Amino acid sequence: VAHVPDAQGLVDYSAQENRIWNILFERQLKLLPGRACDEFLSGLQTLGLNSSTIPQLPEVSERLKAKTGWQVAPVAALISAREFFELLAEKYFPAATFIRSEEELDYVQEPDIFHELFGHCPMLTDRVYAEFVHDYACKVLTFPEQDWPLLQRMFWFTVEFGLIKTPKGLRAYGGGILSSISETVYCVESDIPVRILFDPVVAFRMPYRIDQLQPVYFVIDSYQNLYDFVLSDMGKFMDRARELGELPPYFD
């Protein structure tokens, strides 16, 4: 459960909440160097993220906005799929104003202010990415609830768990990877996962499990790949994905 912010956006966190931010921050920072994409590296710097206190949203927002028109909006712990996408649509990234507990450090299903401000926001400082996230949200109206599961599949294999094969090698952009210490090493160093060439139809055909280290990642060679995809008519990729069948899981 979350804090409710004051007249002017500020939120009264105390020491313990701050230490956990700190332990989370300190340990992810170490692993980033050969693993996160350059754009993530600099987004973090651009966003002013201290390894010491939980940020105040106004300042973070102000910084995001000046890079790409995005902002951060404070919300409660359990917002709905619709509320998430309605916010992304108006260029606001939702930030729940609580942090995971000491006991819930390593794995955590309910996304907190670390998951958000550390894992996701920093990639929203890259212009083509920020524009793809926004267009993507927007187009998820236009679509009926019957199609959001496939749209939420695609989101999982890009915004959350996507990799980018760069000239200096494989890196990760996914905010679900970059906020977890386990994923961040595994995603680009293990011989277990299958890494597939990002293609819209095949991501739509790929099933997934939330709580588990991902057995399949999709690889992009430029954020422009995600941009062309959503400036092209989804709908058509989605049907097609349905006429060929859902693939069999690699997990169980």
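All residue numbers are counted from 1 along the displayed sequence.
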| request: Mind pulling up the entry and telling me whether 134-142 or 117-125 has the higher mean Cα temperature factor? | output: 134-142
| query | Mean CA B-factor: is it higher for 83-91 or for 101-109? | reply | 101-109
| request: For the C-alpha B-factor as written in the entry, point me to the maximum among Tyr186, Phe204, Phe40, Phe198. | output: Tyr186
| task | Please rank the C-alpha B-factors of the chain's modelled residues and tell me whether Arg153 sits in the lowest, middle or highest third. | result | lowest
| query | Comparing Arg27 with the other modelled residues of its chain, is its CA B-factor in the lowest, middle or highest third? | reply | middle
| message | Using the temperature factors of the C-alpha atoms in this entry, rank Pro33 within its chain: lowest, middle or highest third. | response | highest
| How does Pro193 rank on Cα B-factor within its chain, lowest, middle or highest third? | highest
| request: Among all modelled residues of this chain, ranked by Cα B factor, put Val216 in the bottom, middle or top third, i.e. lowest, middle or highest. | output: middle
